[PDB]
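Presented below is the structure to which this report refers.
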Amino acid sequence: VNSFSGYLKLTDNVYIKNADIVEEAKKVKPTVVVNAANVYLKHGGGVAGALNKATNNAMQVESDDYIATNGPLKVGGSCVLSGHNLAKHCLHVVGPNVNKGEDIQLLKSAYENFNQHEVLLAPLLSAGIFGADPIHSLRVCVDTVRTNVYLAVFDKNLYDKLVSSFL
Ligand SMILES: Fc1ccc2c(c1)[nH]c1ncnc(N3CCO[C@@H](c4nnn[nH]4)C3)c12
């Protein structure tokens, strides 16, 4: 038993809800919140900008120190950093950005990072300003992640289409 509330159960291990990940994170304090990161951990907009703003820019300060030491992530890769006031940990995961021409096949590799964590609150990778089809992203998530994933979908209209077209 865990503290996630109001989710619709899609499969044995995937759950979905219409929620603002920032507000869901502040209420659950999950062990892991996933950020839709870029390779530079520049958290300017989308989910990343919203998560970082919620931390009062502490996420960005920590991220800049990480990059200065380690260099950029790989597309499809991840790193674990602090969850600040939102979660124990933040798993920064880089899905391919279609608006940069990155291969969408890397979306499966991105979701594989979730399997290193027993339970996660997460957005749909490569959705939103990353330009991929959120329905494809949900399909890859379901077919790749084996651990327990609670997906937060900000847009109510999108969620309803996601739930309604799910196979
Ligand atoms: F201010 C915001 C902006 C975006 C989100 C937010 C608060 N909260 C969210 N909770 C879940 N999913 C989200 N998004 C929505 C747009 O499409 C995807 C994306 N994520 N990053 N770029 N695009 C996923 C958001």
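In listed order, ligands and their atoms are each counted from 1. This chain uses plain numbering: 1 for the first residue, then up along the sequence. Below, each value reflects all heavy atoms present in this structure, side chains not excepted, and no hydrogens, waters or symmetry copies.
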Ring pair (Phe, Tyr, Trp, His ring centres under 6.0 Å) partners of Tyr150, counting only residues at least two apart
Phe4, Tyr7, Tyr15
Please check: side-chain N/O of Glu62 versus main-chain N/O of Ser82, any donor-acceptor pairing under 3.5 Å?
yes
Below 3.5 Å only, please: the N or O atoms of ligand 1 paired with protein N or O atoms, distance on each line.
{"unit_1": "ligand 1", "atom_1": "10 (N)", "unit_2": "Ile21", "atom_2": "N", "d": "3.4"}
{"unit_1": "ligand 1", "atom_1": "17 (O)", "unit_2": "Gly128", "atom_2": "N", "d": "2.8"}
{"unit_1": "ligand 1", "atom_1": "20 (N)", "unit_2": "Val47", "atom_2": "N", "d": "3.2"}
{"unit_1": "ligand 1", "atom_1": "21 (N)", "unit_2": "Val47", "atom_2": "N", "d": "2.8"}
{"unit_1": "ligand 1", "atom_1": "22 (N)", "unit_2": "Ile129", "atom_2": "N", "d": "3.3"}
{"unit_1": "ligand 1", "atom_1": "23 (N)", "unit_2": "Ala127", "atom_2": "O", "d": "3.1"}
{"unit_1": "ligand 1", "atom_1": "23 (N)", "unit_2": "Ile129", "atom_2": "N", "d": "2.7"}

Can you see which heavy atom on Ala37 is nearest to which on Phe130, and at what distance?
O-CZ, 3.3 Å
Can you name the closest pair of heavy atoms from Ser63 and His43 and give their distance?
OG-NE2, 2.8 Å
Membership question, hydrophobic clusters at under 4.5 Å side-chain separation (ILVMFWY): are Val34 and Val149 in the same one?
yes
How many angstroms lie between atom SG of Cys79 and atom CG of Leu41, to the nearest 0.5 angstrom?
5.0 Å
